[PDB]
Amino acid sequence: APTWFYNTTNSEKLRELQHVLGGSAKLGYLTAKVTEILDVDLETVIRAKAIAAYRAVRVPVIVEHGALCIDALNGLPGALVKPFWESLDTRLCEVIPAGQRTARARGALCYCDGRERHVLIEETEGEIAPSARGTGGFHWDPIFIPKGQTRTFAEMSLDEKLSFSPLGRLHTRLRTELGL
Amino acid sequence: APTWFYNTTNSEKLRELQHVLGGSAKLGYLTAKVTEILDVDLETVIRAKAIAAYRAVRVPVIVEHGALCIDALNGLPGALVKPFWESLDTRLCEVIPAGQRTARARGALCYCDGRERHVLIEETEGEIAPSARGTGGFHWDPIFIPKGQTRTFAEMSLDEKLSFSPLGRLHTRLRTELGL
Amino acid sequence: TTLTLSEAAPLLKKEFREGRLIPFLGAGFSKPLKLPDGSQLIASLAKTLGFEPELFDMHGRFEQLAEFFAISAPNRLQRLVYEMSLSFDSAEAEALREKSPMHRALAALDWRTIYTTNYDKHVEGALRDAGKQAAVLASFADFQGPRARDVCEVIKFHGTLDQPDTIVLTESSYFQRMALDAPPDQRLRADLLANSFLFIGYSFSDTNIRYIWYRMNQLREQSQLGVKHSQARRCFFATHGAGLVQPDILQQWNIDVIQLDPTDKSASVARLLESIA
Amino acid sequence: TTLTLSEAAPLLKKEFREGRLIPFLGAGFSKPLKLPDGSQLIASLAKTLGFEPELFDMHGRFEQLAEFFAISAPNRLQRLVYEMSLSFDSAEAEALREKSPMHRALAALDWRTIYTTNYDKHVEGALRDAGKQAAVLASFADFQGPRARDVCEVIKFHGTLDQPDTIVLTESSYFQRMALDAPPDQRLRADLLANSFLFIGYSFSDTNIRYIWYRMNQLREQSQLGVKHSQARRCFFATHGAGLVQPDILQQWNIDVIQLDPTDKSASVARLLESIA
Amino acid sequence: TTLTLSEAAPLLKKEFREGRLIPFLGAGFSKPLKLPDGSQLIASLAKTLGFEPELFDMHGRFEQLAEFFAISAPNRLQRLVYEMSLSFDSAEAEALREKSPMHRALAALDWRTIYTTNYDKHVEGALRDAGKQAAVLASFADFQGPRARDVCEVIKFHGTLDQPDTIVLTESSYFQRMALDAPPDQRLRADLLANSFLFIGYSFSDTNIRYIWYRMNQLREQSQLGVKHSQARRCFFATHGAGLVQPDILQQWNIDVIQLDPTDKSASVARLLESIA
Amino acid sequence: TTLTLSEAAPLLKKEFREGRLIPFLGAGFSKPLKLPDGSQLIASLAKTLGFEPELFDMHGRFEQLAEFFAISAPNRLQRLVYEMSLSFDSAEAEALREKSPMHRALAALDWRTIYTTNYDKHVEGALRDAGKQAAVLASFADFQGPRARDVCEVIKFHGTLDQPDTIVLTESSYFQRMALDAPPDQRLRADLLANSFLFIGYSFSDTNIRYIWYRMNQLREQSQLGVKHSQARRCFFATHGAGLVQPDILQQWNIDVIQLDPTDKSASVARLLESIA
């Protein structure tokens with residue numbers, strides 16, 4: 001039986017997790033729907049999802065949230081990854097000016113056993129792509145190019161993305177802290 | 001004693017209301033803090049504030065919400081007026097391209113006696129200003145110019161703004177429907 | 001302070017071999033049957049009174065909104081019991097009850113007494129699907145009727161839909177069942193002297209089963225007030241999310257919490273009932 | 001089905017001239033005194049057990065979290081009653097009680113009996129500020145003591161902070177007060193036969209005062225079971241938000257709801273108590 | 001047969017470097033905090049029983065008058081513990097405790113165990129003002145709780161005001177603590193085997209600390225009844241007026257008397273605690 | 001809560017007819033014999049140590065000043081016991097004992113056991129003056145010796161002057177008699193199981209007989225800890241000034257206070273002992 005339960009609702013975030021931490025016998029998987037807080041700060045949102053998800057499942061839970069901060073939009077989208085994706089799918093590479101393209105992709109995990117919350121945050125500095133390129137990703141992976149490469153996240157494979165994406169360094173840190 | 005109670009938290013929205021409907025003996029004023037729903041659609045947000053504000057005060061309540069839909073941002077901020085104002089005060093006139101400036105300012109009232117909700121929506125078509133001009137308004141009134149004028153909302157007086165602003169036509173409709 | 005599936009399985013088996021285990025089934029036991037909520041049913045009946053369905057739900061809890069029908073429009077309360085009987089006991093709910101592993105694992109055991117708090121017929125109908133006989137006990141006329149000793153007695157603790165005057169659904173009816181004077185309550189007063197209980201399908205925030213959990217413990221302590229204090233049989237409560245504070249409270253009410261696997265709700269309850277066999 | 005301020009003022013005045021009006025004061029009556037929540041106090045005591053304060057509040061209601069201290073760390077429950085006595089009865093709370101118009105309008109009337117459910121001393125201390133004498137009644141030794149007939153008797157229905165073993169704050173203590181066997185409960189059984197009650201400072205979602213509202217109505221109907229049914233004195237409940245369904249439920253529990261002005265909470269309660277004079 | 005300040009300073013320093021010095025603090029240690037007497041508090045509570053305050057003090061000692069409240073009016077004894085908690089632990093007593101040189105010189109040393117016989121919190125609160133951690137030990141639940149080895153353990157020998165059932169204030173409670181069966185007494189039985197004690201803030205006419213001084217000596221002699229008699233570590237008692245007969249009695253109870261300067265009481269105690277550093 | 005002479009006379013007579021009344025005689029019983037104080041005797045012995053007699057009395061109580069002789073000048077403590085034996089048992093004290101109505105009324109009754117705490121021989125010598133036989137019991141060798149069943153056994157609870165190593169007069173000897181391990185203490189442990197006690201000649205501020213009064217009550221309650229609580233025989237304490245608070249404390253120690261006439265001390269004690277006959 002598991003000890004920690006990862007709660008997610010996106011079907012592609014689950015497939016990338018189980019590529020990395022799928023073999024661990026002590027990680028379970030739940031799909032409870034919790035009410036998402038909307039805020040620009042990633043530290044605020046991931047710390048509030050852990051209370052909202054522990055109330056739903058009442059087991060030691062692990063939650064996840066992402067962020068995309070664009071200098072042209074002064075930090076937007078930010079943690080408001082939901083209301084922009086329901087309005088600008090990949091047309092968000094058009095609404096920002098073509099002179100300054102730099103941005104950071106950010107991710108955050110928070111695990112809560114009921115007594116205390118612990119937040120893990122990674123970050124990748126990159127720059128937004130001129131047009132949507134690629135299929136293999138989720139939410140902005142066709143329009144984000146990390147620093148150093150010429151290639152987006154969705155143009156990469158799954159092993160190549162998790163060596164650059166923020167959610168790849170978090171899942172290695174989550175293995176060693178929780179002993180998964 | 002009043003029959004309808006207007007719930008607001010902004011201190012300048014209250015001063016403009018009482019300039020118009022201040023003499024009515026059957027309108028009270030409450031400042032209960034309710035949890036704001038975040039969504040792009042104005043019809044969704046104002047219909048959800050009326051449930052959230054009736055639970056707080058349990059009297060026949062009137063709520064209010066505004067919107068600013070920019071064509072360049074594809075209907076953004078829309079009804080997300082809180083997370084953009086906490087990030088782009090009036091620098092939002094910079095982050096959109098200088099070729100296409102058109103936008104609509106929208107407002108919505110919803111009164112709920114406990115049995116049924118009624119939504120009133122007005123709208124003003126305008127275009128965003130190149131720089132922030134004026135002091136007399138709230139949230140985007142220095143950077144919004146209506147169609148026909150050369151002058152922003154915050155450059156206008158209070159009587160001039162309420163003959164152009166969406167919240168001015170709503171308060172005249174609210175008087176005749178509720179008999180205030 | 002929480003048992004797992006494998007830890008609680010020899011504890012439940014020891015109580016069952018000597019015939020001292022009684023299931024106490026809640027609303028979560030009828031969850032795989034895809035029944036309507038009842039709060040959805042009472043909201044759609046409020047359209048005739050001028051309410052929007054999301055607005056009528058705002059004005060109180062479900063038993064409080066049924067209190068409003070009991071005093072202001074009594075023909076709509078009888079309409080509510082009518083269309084729960086068409087919905088909770090429909091032919092579609094029977095077909096899901098045939099294939100439900102929770103209801104099959106319940107009926108595979110030779111119980112003597114089963115308690116349930118939900119109004120539908122699917123606790124007895126699980127026993128009829130296994131070829132076993134069941135006796136419904138809800139009113140005084142049910143206890144007076146004759147039956148054999150082999151038959152499992154299913155006591156409807158909050159009434160049955162075929163006897164609509166036994167239904168405990170109004171808020172005032174919940175308050176007057178706290179005195180424990182109904183015929184299902186008087187049967188519970190004698191069964192707590194000898195038996196251990198297996199509570200399945202409740203939440204910790206119910207506030208009605210919490211009073212019953214308190215009051216059972218008080219009646220055990222009152223039954224040994226003059227004699228020396230002897231150790232009672234331990235009761236059990238199967239949960240999918242146990243939490244961190246609530247299992248410690250339940251220990252002092254003679255109830256051990258069993259953590260079931262929360263990934264599949266219906267399968268983990270079925271593995272619990274099959275480990276008793 | 002809701003009275004206003006001017007409609008309920010001759011109804012309350014008629015009950016007061018013949019000495020049959022008893023206030024029943026809740027936690028909302030001590031709202032202008034700026035007291036700590038108690039749920040904030042119990043969360044900060046949970047830091048020594050390894051809880052974050054927002055995480056300890058998640059695991060249940062306030063009386064359920066106090067149940068957890070009563071059985072797992074009993075020295076922290078006595079710490080909670082200790083630092084409520086330093087906070088609820090501080091010198092800063094007395095200074096706000098001097099200038100509070102609610103407490104001045106309460107003490108301007110010659111009451112015979114005042115009921116309250118909050119633990120602090122500010123119901124009696126309002127009477128001492130007006131130069132009047134008050135008698136605190138919480139335990140059996142308080143009722144046995146002598147006093148004059150002129151003195152208003154203030155019955156602490158859930159205990160007093162200067163007698164810490166009378167405090168009703170644990171969840172199990174709330175459940176055993178539902179049997180109505182405490183000395184404040186036995187005094188309530190005789191006062192409902194002759195008096196009308198004015199409930200001030202409660203919410204409709206309390207679920208403890210709702211049982212008391214039910215049980216008072218049941219004891220009035222039980223007291224006239226063999227004689228012809230006569231009309232009882234009507235009780236009252238002052239509210240700032242009455243809602244739309246809950247005042248109709250309270251009508252059948254012999255309680256009329258008074259809608260007060262919700263713009264200023266403390267002023268509208270003070271205008272109610274001054275209209276009785 | 002009486003040490004001075006400079007003579008006792010290398011004797012106390014040698015016991016402190018090897019961690020075998022335990023302070024045993026009395027009521028005179030809380031003298032600069034300007035607390036109420038308690039005998040004044042119990043006399044003003046006797047006005048409700050018909051006593052003048054100077055007349056109620058005539059009928060016995062303070063623990064004997066508290067015996068009278070424990071058996072004839074038990075709600076006034078709980079009132080006494082209530083208003084000592086408001087007075088001894090007030091915000092005005094904390095502000096004097098910030099600037100008291102006795103409490104600063106006590107907290108400047110890394111003690112392992114501090115004993116005190118007074119009910120207030122100002123021995124631990126002196127350690128919290130210096131940024132150090134303290135663990136209050138009064139009841140069985142306090143000893144059972146976890147703590148680090150760096151934390152100084154402050155044992156409340158006669159109870160704490162936040163745990164009112166641990167208070168030793170009634171005369172019958174003083175008599176049953178002479179058997180040494182309380183959890184602070186059992187901790188004292190093991191600490192006298194290894195440590196030397198520094199008694200500060202007592203008088204020679206106390207008759208309760210004199211029994212403790214006798215009984216500690218008897219337990220040291222009983223612990224070496226079969227082995228050869230070895231020399232024990234010497235205990236100490238700091239006084240401002242030593243007298244002429246009483247220091248010779250204390251020599252046979254393994255206690256040396258330290259004469260402090262009687263011109264300023266609080267300064268001479270502070271010079272004693274700073275000479276240990 | 002205080003008996004008079006005529007009210008306590010049938011209560012004492014009922015205990016005496018069935019042989020269950022034991023006198024417990026104090027220092028006030030030897031008051032008409034005009035004996036020296038002992039505190040006057042110890043002050044005059046301090047002249048050889050350089051003390052003025054009024055100055056040596058200042059430094060502590062009488063048992064504390066005798067502690068000083070026991071450790072600093074042991075030949076003066078034996079001198080004190082020597083010249084008390086010449087003074088307390090002189091021929092002038094015997095002649096007053098012949099004509100004392102207290103000692104005649106004591107010896108006119110056929111007692112079985114008489115306890116006394118004073119060192120002189122005038123309790124037995126009263127019985128020898130009436131032609132009755134008495135057996136002095138102070139040491140282990142006294143209990144081992146043979147005697148008849150008709151003889152009244154006079155137990156010297158604090159020793160006798162003819163056996164100087166049995167004298168309880170040093171403060172350390174009073175503290176080690178609180179453990180109740182002496183042969184007079186072991187006899188008291190069995191006599192409190194069956195008898196009622198008549199305490200004559202003590203004050204309320206003695207603090208040694210108060211521990212005995214407490215400890216007798218604790219040994220009665222401990223002797224019925226597993227069986228049902230039965231009512232014990234009531235003890236008695238004859239006083240000339242009872243006060244107002246102290247008789248209520250003594251009620252809970254199974255002792256009723258008898259108010260005697262304070263105009264003549266010796267006559268009112270004699271009327272008490274003659275009403276038993």
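Residues numbered from 1 in each chain as written, not as in the entry; some residues may be left out. Chains lettered and ligands numbered in written order. Part of a larger assembly, values for the part shown. Heavy atoms only, no water. Residues with missing side-chain atoms left out of burial classes, pairs and counts.

Going by what the PDB entry lists, chain C is known as NAD-dependent protein deacetylase and is assigned to Archangium gephyra. The title given to this PDB entry is "Cryo-EM structure of KomBC Tetra-tetramer".

Chain A is annotated in the PDB entry as Xanthosine/inosine triphosphate pyrophosphatase of Archangium gephyra. According to the UniProt record, the Sequence similarities (unreviewed entry) comment for chain A reads "Belongs to the HAM1 NTPase family." (UniProt positions renumbered as here; feature names shortened; annotations may be inferred.)

Chemist: Let's hear about the overall build of chain C: which residues, and what values?
Modeler: Scanning chain C from N- to C-terminus turns up 14 helices and seven strands. The C-alpha radius of gyration of chain C comes to 19 Å, within 12% of the 19 Å expected for a compact globule of 277 residues. Its C-alpha atoms put chain C at 60 × 45 × 45 Å along the principal axes. Counting the 277 residues in chain C, one finds 55% classified as buried. (Helix = DSSP H or I, 4+ residues; strand = E, 2+ residues; numbered from the N terminus. Rg over C-alpha atoms; globule rule 2.2 N^0.38 Å. Buried < 20%, exposed > 50% of the residue type's maximum accessible area, 1.4 Å probe, protein only.)

Chemist: For the relation of the copies chain F and chain E, give the residues involved together with the corresponding values.
Modeler: Expressed as a screw operation, the relation of chain F to chain E combines 0.0 Å of axial shift with a rotation of 180°, fitting to an RMSD of 0.0 Å. The superposition of one copy onto the other is thereby described by a two-fold rotation axis. The share of interface residues of chain F whose copies in chain E are also at the interface is 96%, consistent with both copies meeting through the same surface. (Least-squares fit on C-alpha atoms. Contact = heavy atoms within 4.5 Å.)

Chemist: Any chance you could break down the interface of chain C and chain B for me, citing the residues and the numbers?
Modeler: The partner chain B presents nine residues to the eight residues of chain C that form the contact. For the pair chain C and chain B, the summed buried surface comes to about 810 Å²; carbon and sulfur atoms form 49% of the total. Contact with chain B buries area across many residues of chain C, yet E52, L55 and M58 of chain C alone supply 60% of it, more than any other trio. Taken together, the connections running from chain C to chain B amount to two salt bridges. Residues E52 of chain C and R117 of chain B are paired through a salt bridge, measuring 3.8 Å at the closest nitrogen-oxygen approach. Counting the contacts that link chain C with chain B gives four residue pairs in polar contact. When the residues that make up the side of chain C that touches chain B are grouped by side-chain class, the tally is four nonpolar, two polar and two charged. (Buried area = accessible area lost by both parts, 1.4 Å probe. Salt bridge = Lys/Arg side-chain N within 4 Å of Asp/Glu carboxyl O. Polar contact = N/O pair within 3.5 Å; in protein donor to acceptor, adjacent residues only side chain to side chain. Nonpolar A, V, L, I, M, F, W, Y, C, P; charged D, E, K, R; others polar.)

Chemist: I'd like a description of the interface of chain F and chain E, backed by residues and values.
Modeler: With 25 residues of chain F in contact, the opposing surface of chain E contributes 24 residues. When the two sides are added together, the surface that chain F and chain E hide from each other amounts to roughly 2,300 Å², 70% of it contributed by carbon and sulfur. On inspection of chain F and its partner chain E, the count reaches two salt bridges. A salt bridge links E171 of chain F to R210 of chain E; its shortest N-O distance comes to 2.9 Å. Here chain F is connected to chain E by seven residue pairs in polar contact. Breaking the side of chain F that touches chain E down by element, the ones donating at least two residues are α4 (62–72), α10 (171–176), α12 (209–222) and α13 (246–251) of chain F. Of the residues forming the side of chain F that touches chain E, the biggest block, five residues, is contributed by α4 of chain F. Class assignment of the residues belonging to the side of chain F that touches chain E gives a composition of 14 nonpolar, seven polar and four charged.

Chemist: Account for the sheet that holds strand β7 (residues 255–259) of chain C, with residues named and values stated.
Modeler: Residues and elements named next belong to chain C. An order of β3-β4-β2-β1-β5-β6-β7 is seen for the seven strands of this open sheet, with the pairing classed as parallel. For this open sheet the edge positions go to β3 (134–137) and β7, each flanked by a neighbour on one side alone. Going across the sheet, the axis of each strand differs from the next one's by a mean of 20°, ignoring polarity. Relative to strand β5 (residues 196–200), strand β1 (residues 21–25) is paired through five bridges, and the arrangement is parallel. Residue pairing for β5: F24 is matched across the bridge by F199. (Pairing = 2+ DSSP bridges. Axes fitted to C-alpha atoms, helices over the stretch in contact; angles between N-to-C directions.)

Chemist: Describe the packing of helix α1 (residues 5–17) of chain C against helix α14 (residues 265–276) of chain C, and please don't skip the residues or the numbers.
Modeler: All names here are of chain C. The interhelical angle for the contact between α1 and α14, taken along N-to-C directions, is 45°, at an axis separation of 8 Å. Classified by the interaxial angle, the pair formed by α1 and α14 is oblique. Every pair of crossing elements has a handedness; the one defined by α1 and α14 is right-handed. Across the interface between the two elements, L5, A9, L12, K13, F16 and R17 of α1 pack against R271, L272, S275 and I276 of α14. (Parallel < 35°, antiparallel > 145°, perpendicular 65-115°, else oblique. Left-handed = near helix turned anticlockwise from the far one by under 90°.)

Chemist: Summarise the packing of aromatic side chains; cite the residues concerned and give the values.
Modeler: Residue and element names in this part refer to chain C. Enumeration according to the criterion identifies 85 aromatic pairs over all chains in this entry. Relative to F68, the ring of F56 lies with its centre 6.3 Å away and its plane at 55°, an arrangement referred to as tilted. Of the two residues, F56 sits in helix α3 (residues 53–56) while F68 sits in helix α4 (residues 62–72), which places them twelve residues apart along the sequence. Under the relative-accessibility criterion, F56 is labelled buried at 0%. For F68, a relative accessible area of 6% gives the class buried. Chaining the aromatic ring pairs together yields one cluster made of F24, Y115, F157, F197, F199, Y202, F204, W213 and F237. (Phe/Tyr/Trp six-rings, centres within 6.5 Å; stacked < 30°, edge-to-face > 60°.)

Chemist: Got a sec to walk through helix α14 (residues 265–276) of chain D? Specific residues and values, please.
Modeler: Regarding α14 of chain D, the residues found buried are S268, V269, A270, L272, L273, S275 and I276 of chain D. In this structure, the buried side of α14 of chain D is in contact with α1 (5–17), β1 (21–25), α7 (101–107), β5 (196–200) and β6 (235–239) of chain D.

Chemist: Now, about the pattern of salt bridges: what can you tell me, with residues and values included?
Modeler: One pass over the full model with this rule turns up 82 salt bridges over all chains. Notably, a salt bridge pairs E36 of chain B with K49 of chain B, separated by 3.7 Å at the nearest N-O pair. Taken together, the residues span a long stretch of sequence, with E36 of chain B in the loop between β2 (27–30) and α2 (42–57) and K49 of chain B in helix α2 at a distance of 13 residues. Put simply, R147, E153, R187 and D191 of chain C are held in one network by salt bridges that share partners.

Chemist: Could you give an account of the side chain of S275 of chain C, with specific residues and numbers?
Modeler: Residue and element names in this part refer to chain C. One can find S275 in helix α14. For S275, the side chain forms a polar contact with the main-chain oxygen of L272, separated by 2.7 Å. Not counting residues up to four positions away in its chain, the partners in contact with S275 are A9 and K13.

Chemist: Quick rundown of helix α5 (residues 74–88) of chain D? Include the residues and the values.
Modeler: With 15 residues, α5 of chain D should cover 21 Å at 1.5 Å per step; its first-to-last C-alpha distance of 21 Å lies within 8% of that length. Those residues of α5 of chain D lying buried are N75, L77, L80, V81, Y82, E83, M84, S85 and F88 of chain D. (Expected span 1.5 Å × (residues − 1).)

Chemist: Could you give me a rundown of the nonpolar core, with the residues and numbers involved?
Modeler: Formed by 108 residues in total, the largest nonpolar core has its most connected members in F56, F197 and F199 of chain C together with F56, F197 and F199 of chain D. Setting aside chain neighbours within four positions, we find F56 of chain C in contact with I42, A43, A46, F51, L65, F68 and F69 of chain C together with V245 of chain D. Listed in part, the 105 residues of the second largest apolar core include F68, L137 and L169 of chain E together with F237 of chain F. (Core = buried A, V, L, I, M, F, W, Y, C linked by side-chain atoms within 4.5 Å.)

Chemist: Can you tell me about the environment of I51 of chain A, naming the residues and giving the values?
Modeler: Topologically, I51 of chain A is positioned in helix α2 (residues 42–57). Residue class for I51 of chain A comes out buried when judged on its relative accessible area of 15%. For the pair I51 of chain A and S87 of chain A, spaced 36 residues apart in the sequence, the C-alpha separation amounts to 28 Å. If we ignore the near neighbours within four places in the chain, the residues touching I51 of chain A are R117 of chain A together with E54, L55 and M58 of chain D.

Chemist: Describe empty space enclosed by the protein, with residues and values.
Modeler: Considering only enclosed or pocket space, the largest cavity measures out at about 110 Å³ in volume. Around the largest cavity, the lining residues are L73, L76, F84, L88, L92 and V95 of chain A together with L73, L76, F84, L88, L92 and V95 of chain B. Of the residues belonging to the lining of the largest cavity, the class tally is twelve nonpolar, no polar and no charged. Here the second largest cavity is characterised by a volume of approximately 60 Å³. Split by residue class, the lining of the second largest cavity holds five nonpolar, two polar and one charged. (1 Å grid on protein atoms, 1.4 Å probe; cavity = no way out; pocket = protein on both sides within 12 Å on 5 of 7 lines; lining within 4 Å. Points joined across faces, edges and corners; volume = space filled by probe spheres on them.)

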